[PDB]
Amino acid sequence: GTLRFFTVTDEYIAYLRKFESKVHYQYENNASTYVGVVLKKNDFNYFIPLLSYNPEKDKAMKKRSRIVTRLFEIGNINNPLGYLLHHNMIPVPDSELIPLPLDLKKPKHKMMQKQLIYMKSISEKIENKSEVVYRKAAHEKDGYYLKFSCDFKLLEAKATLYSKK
């Protein structure tokens, strides 16, 4: 299975945000880019929101290396491209997943392409870190992970409810 870019329906996101405020806010062009599947655990497909790459932020993200993956450019490995926020990953039913088309003429999308090639090269780390975050927050109930992450199990209960509607 392959990593790709997606968006989620504004309706499904607004529904998850009823129960989990940690779920990334989005609407129309205040939209979130997600990457997946990072974790198939097991009927549920998990998608991580991606943030594009000042000294404030970059420093805060470095301190949260247990929960955030830093994206780099392949063939220019010291150039940071963005961040994967594992702690804010969500289960998304098949119906609410929207593939994201990229127009490579746009430099914005040209950089997204670069982020995906990097993510594909580190897919084992992405998959494993999502698993660590999932287990530490939902099964182990580890202090640091629980407080930063989405209530994964509650989201799973509400994801099946949405799709049985």
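Sequential numbering from 1, following the sequence displayed.
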{"query": "Mean temperature factor over C-alpha atoms, higher-scoring stretch between 112-120 and 54-62", "finding": "54-62"}
{"query": "Between 138-146 and 6-14 (mean CA B-factor, as deposited), the higher", "finding": "138-146"}
{"query": "Residue with maximal Cα B-factor (values as given in the PDB entry) among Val37, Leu100, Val132, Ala31", "finding": "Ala31"}
{"query": "For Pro91, the third of its chain into which the C-alpha B factor falls", "finding": "lowest"}
{"query": "Third of the chain's Cα B-factor distribution that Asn42 belongs to, per the entry", "finding": "highest"}
